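Quick notes on the structure that follows.
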Amino acid sequence: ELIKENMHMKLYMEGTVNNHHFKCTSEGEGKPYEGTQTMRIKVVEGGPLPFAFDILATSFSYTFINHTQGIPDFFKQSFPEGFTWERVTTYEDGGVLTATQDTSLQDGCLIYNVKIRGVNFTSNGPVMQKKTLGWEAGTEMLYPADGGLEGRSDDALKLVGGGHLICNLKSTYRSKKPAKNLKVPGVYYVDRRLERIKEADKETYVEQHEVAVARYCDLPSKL
């Protein structure tokens, strides 16, 4: 098939957070049908970043979700054309980060092109002060909306001192195939655990791992 048991990826990211410009690149690999993946990330312009790398972590890969129980897989079905994602992330203490991503497949390698714009982060808040300690595991709900899918989650960012900062994610997923080799699923959920494995040099080198598994809701139904 086009999405093999093992797949590699390359990513290019550019953006600005509170008017601080940066670029990142990454390379990695994963098992798309197991829902696991690793990325080795470099900040290649604008490093060291004057803000928590964690706010970028969820912008570095939907092809690597284990879609269990035969859930129609909008992402894997989109190849060879690929798909795009876009998102607004709203932090409860003010910051808003928008992201646009193109996912393509080129000579057997997944290629990600991501652009990020973050504004209104409080200068003495935990993001700008680099007082974060990674993400809690989380659940995204995905549902069909306008010949595509949308997604929603509320995620918890760990803070120095043991607290959490919550943000809300609203995503839209659009296939580059025009619904002709694409079966779109019903409402479903993706459970994820994204972990930072290594970092060096003021977060200008970061290794990240994610496991992501899609599921219907299991619970018994009276109807």
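Residues are referred to by chain and number: the chain letter is A, B, ... according to the order shown in the structure tokens, the number counts from 1 in that chain, and ligands are numbered separately from 1 in the order shown.
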
Spatial neighbours of residue 129 in chain A, 10 Å, only C-alpha atoms, chain gap at least 4 places, as a JSON list (two decimals) with N, CA, C and O atoms, in the first residue's frame:
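After the write, around.json holds the following:
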[["chain", "number", "residue", "atom", "x", "y", "z"],
["A", 50, "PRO", "N", 12.19, 32.00, 22.97],
["A", 50, "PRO", "CA", 11.93, 32.65, 24.27],
["A", 50, "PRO", "C", 10.57, 32.28, 24.84],
["A", 50, "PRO", "O", 9.87, 33.12, 25.40],
["A", 51, "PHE", "N", 10.18, 31.02, 24.65],
["A", 51, "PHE", "CA", 8.89, 30.53, 25.11],
["A", 51, "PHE", "C", 8.95, 29.02, 25.18],
["A", 51, "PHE", "O", 9.85, 28.40, 24.61],
["A", 52, "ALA", "N", 8.00, 28.43, 25.90],
["A", 52, "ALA", "CA", 7.93, 26.99, 26.08],
["A", 52, "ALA", "C", 7.77, 26.22, 24.76],
["A", 52, "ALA", "O", 6.78, 26.41, 24.06],
["A", 122, "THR", "N", 0.72, 36.10, 27.66],
["A", 122, "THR", "CA", 1.12, 37.05, 28.71],
["A", 122, "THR", "C", 2.61, 36.93, 28.95],
["A", 122, "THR", "O", 3.14, 35.84, 29.05],
["A", 123, "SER", "N", 3.29, 38.08, 29.03],
["A", 123, "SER", "CA", 4.74, 38.07, 29.06],
["A", 123, "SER", "C", 5.28, 37.38, 30.31],
["A", 123, "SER", "O", 6.33, 36.74, 30.25],
["A", 124, "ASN", "N", 4.56, 37.47, 31.42],
["A", 124, "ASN", "CA", 4.99, 36.79, 32.65],
["A", 124, "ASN", "C", 4.24, 35.49, 32.96],
["A", 124, "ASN", "O", 4.34, 34.94, 34.06],
["A", 125, "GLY", "N", 3.50, 34.98, 31.98],
["A", 125, "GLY", "CA", 2.79, 33.73, 32.12],
["A", 125, "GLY", "C", 3.74, 32.55, 31.95],
["A", 125, "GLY", "O", 4.89, 32.73, 31.53]]

- Message: Which residues are close to residue 167 in chain A, i.e. within 8 Å by only C-alpha atoms, leaving aside same-chain residues fewer than 3 positions away? Reply as a list in words.
- Response: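 The contact residues come out as residues 89, 90, 91, 92, 154, 155, 156 and 157 of chain A.
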
- Item | Residue neighbourhood range 133-150 of chain A, 8 Å, only C-alpha atoms, exclusion window fewer than 6 positions, as a list in words |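 Counting only the stated atoms, we get residues 54, 156, 157, 158, 159, 160, 170, 171, 172, 173, 174, 175, 179, 184, 185, 186, 187, 188, 189, 190, 191, 192, 193, 194, 195 and 196 of chain A.
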
- Item | Closest of A:209, A:183, A:202, A:117 to residue 70 in chain A - atom-to-atom distances counting only C-alpha atoms |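 Among the listed residues, the smallest separation from residue 70 in chain A belongs to A:183.
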
- Computed interatomic separation between CA of residue 94 in chain A and CA of residue 56 in chain A (Å):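 Separation between CA of residue 94 in chain A and CA of residue 56 in chain A: 16.2 Å.
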
- Message: Neighbouring residues of residue 97 in chain A were defined as those with any atom within 10 Å, considering only C-alpha atoms; residues of the same chain fewer than 5 positions away were excluded. Please report them as a list in words.
- Response: residues 16, 17, 18, 55, 56, 87, 88, 89, 90, 91, 116, 117, 118, 119, 120, 121 and 169 of chain A

- Item | 10 Å contact set for residue 26 in chain A, only C-alpha atoms, chain neighbours under 3 positions out, as number ranges by chain | A: 9-13, 38-44, 60, 112, 205-207

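Considering only range 33-63 of chain A, backbone DSSP assigns strand (DSSP E or B) to residues 36, 37, 38, 39, 40, 41, 42, 43, 44 and 45 of chain A.
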
Write a file of the just-selected residues containing N, CA, C and O atoms, as a JSON list (two decimals), in the first residue's frame.
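What ended up in part_2.json:
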[["chain", "number", "residue", "atom", "x", "y", "z"],
["A", 36, "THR", "N", 2.21, 4.63, 16.63],
["A", 36, "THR", "CA", 3.39, 5.14, 17.35],
["A", 36, "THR", "C", 4.33, 5.88, 16.41],
["A", 36, "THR", "O", 4.41, 5.59, 15.21],
["A", 37, "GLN", "N", 5.06, 6.85, 16.95],
["A", 37, "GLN", "CA", 5.98, 7.66, 16.14],
["A", 37, "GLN", "C", 6.94, 8.44, 17.01],
["A", 37, "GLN", "O", 6.66, 8.79, 18.16],
["A", 38, "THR", "N", 8.11, 8.68, 16.42],
["A", 38, "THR", "CA", 9.16, 9.49, 17.03],
["A", 38, "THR", "C", 9.58, 10.56, 16.05],
["A", 38, "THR", "O", 9.69, 10.29, 14.84],
["A", 39, "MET", "N", 9.81, 11.77, 16.57],
["A", 39, "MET", "CA", 10.43, 12.85, 15.82],
["A", 39, "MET", "C", 11.62, 13.44, 16.52],
["A", 39, "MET", "O", 11.59, 13.67, 17.73],
["A", 40, "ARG", "N", 12.67, 13.69, 15.75],
["A", 40, "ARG", "CA", 13.87, 14.37, 16.22],
["A", 40, "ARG", "C", 13.81, 15.78, 15.63],
["A", 40, "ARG", "O", 13.83, 15.92, 14.40],
["A", 41, "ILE", "N", 13.71, 16.78, 16.48],
["A", 41, "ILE", "CA", 13.37, 18.14, 16.06],
["A", 41, "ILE", "C", 14.53, 19.09, 16.33],
["A", 41, "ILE", "O", 15.13, 19.08, 17.41],
["A", 42, "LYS", "N", 14.81, 19.94, 15.34],
["A", 42, "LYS", "CA", 15.81, 21.02, 15.50],
["A", 42, "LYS", "C", 15.17, 22.38, 15.32],
["A", 42, "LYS", "O", 14.40, 22.58, 14.38],
["A", 43, "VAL", "N", 15.50, 23.32, 16.19],
["A", 43, "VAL", "CA", 15.18, 24.73, 15.95],
["A", 43, "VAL", "C", 16.30, 25.26, 15.08],
["A", 43, "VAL", "O", 17.47, 25.27, 15.50],
["A", 44, "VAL", "N", 15.97, 25.64, 13.84],
["A", 44, "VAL", "CA", 17.00, 26.02, 12.86],
["A", 44, "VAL", "C", 17.13, 27.53, 12.58],
["A", 44, "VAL", "O", 18.11, 27.96, 11.95],
["A", 45, "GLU", "N", 16.16, 28.31, 13.05],
["A", 45, "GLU", "CA", 16.25, 29.78, 12.98],
["A", 45, "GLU", "C", 15.48, 30.31, 14.18],
["A", 45, "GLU", "O", 14.43, 29.73, 14.56]]

- Message: So the first atom is CA of residue 131 in chain A and the second is CA of residue 203 in chain A; what is the distance between them in Å, to one decimal place?
- Response: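 Answer for the CA of residue 131 in chain A to CA of residue 203 in chain A separation: 12.8 Å.
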
- Message: Just list as a list in words whatever in chain A DSSP marks as alpha helix (DSSP H).
- Response: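 Across chain A, those assigned alpha helix (DSSP H) are residues 54, 55, 56, 57, 74, 75, 76 and 77 of chain A.
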
For the residues in that selection, give me N, CA, C and O atoms as a tab-separated table (two decimals), in the first residue's frame.
chain	number	residue	atom	x	y	z
A	54	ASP	N	6.83	23.34	24.47
A	54	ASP	CA	5.60	22.56	24.61
A	54	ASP	C	4.45	23.13	23.79
A	54	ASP	O	3.59	22.35	23.35
A	55	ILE	N	4.38	24.45	23.57
A	55	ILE	CA	3.22	24.96	22.82
A	55	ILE	C	3.29	24.61	21.34
A	55	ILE	O	2.30	24.76	20.64
A	56	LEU	N	4.46	24.16	20.88
A	56	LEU	CA	4.60	23.72	19.50
A	56	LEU	C	4.44	22.21	19.36
A	56	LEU	O	4.35	21.70	18.24
A	57	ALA	N	4.46	21.48	20.48
A	57	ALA	CA	4.66	20.03	20.42
A	57	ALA	C	3.57	19.31	19.66
A	57	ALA	O	3.85	18.38	18.92
A	74	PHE	N	-9.81	8.50	7.73
A	74	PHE	CA	-9.85	9.66	6.84
A	74	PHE	C	-8.44	10.03	6.36
A	74	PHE	O	-8.22	10.43	5.22
A	75	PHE	N	-7.48	9.88	7.26
A	75	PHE	CA	-6.10	10.28	6.99
A	75	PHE	C	-5.40	9.30	6.06
A	75	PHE	O	-4.91	9.70	5.00
A	76	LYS	N	-5.40	8.02	6.41
A	76	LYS	CA	-4.73	7.04	5.57
A	76	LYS	C	-5.41	6.92	4.20
A	76	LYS	O	-4.73	6.74	3.20
A	77	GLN	N	-6.73	7.07	4.16
A	77	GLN	CA	-7.45	6.98	2.89
A	77	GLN	C	-7.14	8.11	1.93
A	77	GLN	O	-7.40	7.97	0.75

- What does the distance from CA of residue 151 in chain A to CA of residue 62 in chain A come to in Å, to one decimal?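 A separation of 11.7 Å between them.
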
- Pick the closest to residue 49 in chain A from A:4, A:180, A:152, A:20: which is it, counting only C-alpha atoms?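 Result for the nearest residue to residue 49 in chain A: A:20.
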
- Within 12 Å of residue 218 in chain A, counting only C-alpha atoms, which residues qualify if same-chain residues fewer than 3 places away don't, as a list in words? residues 68, 69, 188, 189, 214, 215 and 221 of chain A
